[PDB]
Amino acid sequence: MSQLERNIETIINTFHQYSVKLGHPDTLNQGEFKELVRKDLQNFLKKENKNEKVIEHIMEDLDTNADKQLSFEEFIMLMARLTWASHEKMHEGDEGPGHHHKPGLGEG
């Protein structure tokens, strides 16, 4: 299994660990999303986790079809956005020469 495949599996397995708890087994309701963010994204969303209204807005923004659940398809955009945001932070104020990563999201 490639590294990339392993990472995608981690995303899928994490999502489903929470999505099966309550209601529809393939979507996260607000309760399930908040728990995932609180624990599994405790460093990447450290500041956001301090304001429950920010977390709820994040879910509202990701809830593409507006049904108050996150499908895996909607959720994976959060994964892409946070991966993007971590990489952006590793390059904040980058002067070169060459390529170097500062600490990413939730670090430093």
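The numbering used is simple: start at 1 and walk along the sequence shown. Only the largest set of C-alpha atoms that superpose within 1.5 Å between the two forms is called the rigid core.
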* Greater root mean square CA deviation, 33-41 compared with 74-82 in 6 other deposited structures of this protein, core aligned -> 74-82
* To do: Please work out whether 51-59 or 24-32 has the higher root mean square C-alpha deviation in 6 other deposited structures of this protein relative to the shown form, with the rigid core as fitting region?
  => 24-32
* **62-70 set against 47-55, stretch whose average Cα temperature factor tops the other in the entry** => 47-55
* Lowest, middle or highest third: where is residue 16 by Cα B-factor in its chain? -> lowest
* Which third of the chain holds residue 7 when residues are ordered by C-alpha B factor: lowest, middle or highest? -> lowest
* **residue 91 - Cα temperature factor, lowest/middle/highest third of chain** => lowest
